[PDB]
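Structure data (PDB, C-alpha atoms) from input-v9.pdb:
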```
ATOM      1  CA  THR M 343     -38.492 -30.594   4.668
ATOM      2  CA  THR M 344     -38.089 -28.746   1.372
ATOM      3  CA  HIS M 345     -39.749 -25.495   0.421
ATOM      4  CA  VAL M 346     -42.153 -26.566  -2.328
ATOM      5  CA  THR M 347     -43.474 -24.228  -5.008
ATOM      6  CA  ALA M 348     -46.353 -24.579  -7.440
ATOM      7  CA  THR M 349     -44.059 -26.195 -10.018
ATOM      8  CA  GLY M 350     -40.338 -26.851 -10.058
ATOM      9  CA  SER M 351     -37.686 -29.309  -9.000
ATOM     10  CA  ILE M 352     -35.728 -30.354  -5.942
ATOM     11  CA  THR M 353     -32.351 -32.082  -5.751
ATOM     12  CA  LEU M 354     -31.789 -34.318  -2.737
ATOM     13  CA  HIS M 355     -29.037 -36.438  -1.251
ATOM     14  CA  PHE M 356     -29.365 -39.936   0.108
ATOM     15  CA  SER M 357     -27.396 -42.893   1.386
ATOM     16  CA  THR M 358     -28.171 -46.532   0.648
ATOM     17  CA  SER M 359     -26.779 -49.912   1.555
ATOM     18  CA  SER M 360     -28.170 -51.775  -1.371
ATOM     19  CA  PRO M 361     -26.350 -52.209  -4.687
ATOM     20  CA  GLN M 362     -29.456 -50.930  -6.453
ATOM     21  CA  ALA M 363     -31.694 -48.079  -5.373
ATOM     22  CA  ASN M 364     -35.093 -49.694  -5.915
ATOM     23  CA  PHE M 365     -36.957 -47.748  -3.307
ATOM     24  CA  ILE M 366     -40.100 -45.667  -3.016
ATOM     25  CA  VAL M 367     -39.824 -41.972  -2.250
ATOM     26  CA  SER M 368     -42.874 -40.218  -0.863
ATOM     27  CA  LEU M 369     -43.544 -36.500  -1.137
ATOM     28  CA  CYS M 370     -46.468 -35.197   0.899
ATOM     29  CA  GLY M 371     -48.022 -38.630   0.533
ATOM     30  CA  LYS M 372     -47.514 -39.030  -3.214
ATOM     31  CA  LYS M 373     -45.435 -42.129  -3.945
ATOM     32  CA  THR M 374     -43.004 -42.653  -6.842
ATOM     33  CA  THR M 375     -40.628 -45.553  -7.458
ATOM     34  CA  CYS M 376     -36.996 -44.593  -8.036
ATOM     35  CA  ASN M 377     -35.021 -47.122 -10.089
ATOM     36  CA  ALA M 378     -31.240 -46.796  -9.884
ATOM     37  CA  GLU M 379     -27.984 -48.749  -9.914
ATOM     38  CA  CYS M 380     -25.410 -47.863  -7.268
ATOM     39  CA  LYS M 381     -21.758 -48.699  -7.842
ATOM     40  CA  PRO M 382     -19.407 -50.146  -5.223
ATOM     41  CA  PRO M 383     -17.627 -47.472  -3.179
ATOM     42  CA  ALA M 384     -14.194 -46.343  -4.275
ATOM     43  CA  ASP M 385     -12.777 -45.990  -0.753
ATOM     44  CA  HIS M 386     -12.168 -48.819   1.685
ATOM     45  CA  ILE M 387     -12.439 -47.071   5.052
ATOM     46  CA  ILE M 388     -14.536 -44.224   6.423
ATOM     47  CA  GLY M 389     -14.618 -42.152   9.567
ATOM     48  CA  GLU M 390     -18.366 -42.505   9.800
ATOM     49  CA  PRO M 391     -20.517 -45.383  11.010
TER      50      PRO M 391
ATOM     51  CA  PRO U 294     -27.257 -27.010 -11.091
ATOM     52  CA  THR U 295     -28.481 -30.368 -12.276
ATOM     53  CA  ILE U 296     -30.098 -30.348 -15.716
ATOM     54  CA  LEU U 297     -33.486 -31.931 -16.354
ATOM     55  CA  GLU U 298     -32.855 -32.978 -19.957
ATOM     56  CA  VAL U 299     -30.529 -32.370 -22.893
ATOM     57  CA  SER U 300     -30.859 -32.947 -26.627
ATOM     58  CA  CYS U 301     -28.034 -32.837 -29.159
ATOM     59  CA  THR U 302     -28.094 -31.452 -32.704
ATOM     60  CA  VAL U 303     -24.870 -31.817 -34.674
ATOM     61  CA  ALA U 304     -24.068 -29.405 -37.475
ATOM     62  CA  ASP U 305     -21.672 -30.104 -40.341
ATOM     63  CA  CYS U 306     -18.452 -31.806 -39.279
ATOM     64  CA  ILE U 307     -15.242 -32.999 -40.915
ATOM     65  CA  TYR U 308     -12.963 -35.555 -39.304
ATOM     66  CA  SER U 309      -9.545 -33.937 -39.060
ATOM     67  CA  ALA U 310      -6.898 -32.837 -36.599
ATOM     68  CA  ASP U 311      -8.340 -29.365 -36.123
ATOM     69  CA  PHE U 312     -11.614 -28.733 -34.281
ATOM     70  CA  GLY U 313     -13.592 -28.995 -37.476
ATOM     71  CA  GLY U 314     -16.897 -30.262 -36.096
ATOM     72  CA  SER U 315     -19.684 -28.333 -34.397
ATOM     73  CA  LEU U 316     -22.860 -29.135 -32.499
ATOM     74  CA  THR U 317     -25.599 -27.540 -30.411
ATOM     75  CA  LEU U 318     -27.054 -28.645 -27.082
ATOM     76  CA  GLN U 319     -30.592 -27.803 -26.014
ATOM     77  CA  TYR U 320     -30.505 -27.871 -22.214
ATOM     78  CA  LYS U 321     -33.014 -27.497 -19.396
ATOM     79  CA  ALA U 322     -31.541 -26.804 -15.951
ATOM     80  CA  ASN U 323     -32.632 -25.672 -12.496
ATOM     81  CA  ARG U 324     -30.122 -22.958 -11.619
ATOM     82  CA  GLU U 325     -27.584 -20.753 -13.329
ATOM     83  CA  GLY U 326     -24.124 -22.216 -12.987
ATOM     84  CA  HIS U 327     -20.886 -23.435 -14.523
ATOM     85  CA  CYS U 328     -21.465 -27.055 -15.478
ATOM     86  CA  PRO U 329     -18.585 -29.023 -16.978
ATOM     87  CA  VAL U 330     -18.880 -30.637 -20.383
ATOM     88  CA  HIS U 331     -17.137 -33.805 -21.508
ATOM     89  CA  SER U 332     -17.161 -36.389 -24.269
ATOM     90  CA  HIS U 333     -17.187 -39.957 -22.987
ATOM     91  CA  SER U 334     -16.150 -41.483 -26.307
ATOM     92  CA  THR U 335     -12.560 -42.349 -27.063
ATOM     93  CA  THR U 336     -12.782 -40.839 -30.542
ATOM     94  CA  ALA U 337     -14.039 -37.337 -29.761
ATOM     95  CA  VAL U 338     -12.733 -34.421 -27.708
ATOM     96  CA  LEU U 339     -14.146 -31.006 -26.952
ATOM     97  CA  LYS U 340     -12.527 -27.594 -27.175
ATOM     98  CA  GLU U 341     -14.571 -26.273 -24.279
ATOM     99  CA  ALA U 342     -14.792 -28.096 -20.989
TER     100      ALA U 342
END
```

Using structure tokens, write down the structure from this file.
Amino acid sequence: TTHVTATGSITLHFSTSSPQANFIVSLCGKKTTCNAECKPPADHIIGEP
Amino acid sequence: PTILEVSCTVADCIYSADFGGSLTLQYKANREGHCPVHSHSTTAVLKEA
């Protein structure tokens, strides 16, 4: 949940498994298609699942 | 602060060893901050970062 104003912007974080972010984000029902291109990770091991 | 969009207008410049070129950036951002600036070309460097 993000506090939404009449007009403005919001920055968000996300995690993906796909090499490209080609996924629909919905905001209060309104749908928009994000097109992106995610690089391979620089690390090799993480302490998170 | 992420910036919504940026446009570049370059003034007079002379290719030399000193910082002889100048430009202006029109920026739109979402918060007041201390963004870094870089030049991604091999043949151009910035006095301010």

Could the centre and edge lengths of an axis-aligned box, enclosing all atoms of segment 349-363 of chain M in the file with 6 Å extra on each side, be given in Å to one decimal as lines of an AutoDock Vina configuration file?
```
center_x = -35.2
center_y = -39.2
center_z = -4.3
size_x = 29.7
size_y = 38.0
size_z = 23.6
```

What residues in chain M lie within 10 Å of chain U, counting all atoms listed in the file, written as a ChimeraX atom specification?
/M:350-353

Starting from the shown file, work through the PyMOL selection byres ((chain U and resi 305) around 12) and note down what comes out as an MDAnalysis selection string.
chainID U and resid 302:304 306:308 312:317

Residue nearest residue 380 of chain M among M:346, M:360, M:367, M:354 (counting only C-alpha atoms)
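Of the candidates, the smallest distance to residue 380 of chain M is held by M:360.
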
Report as a count of residues only the residues that result from applying the PyMOL selection byres ((chain U and resi 329) around 9) to the structure here.
6

Suppose you want the space between atom CA of residue 299 of chain U and atom CA of residue 366 of chain M; what is it in Å?
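Computing the Euclidean distance for atom CA of residue 299 of chain U and atom CA of residue 366 of chain M yields 25.8 Å.
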
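Interatomic distance, atom CA of residue 336 of chain U to atom CA of residue 301 of chain U: 17.3 Å.
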
What is the atom CA of residue 347 of chain M to atom CA of residue 372 of chain M distance in Å?
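Distance reported for this atom pair: 15.4 Å.
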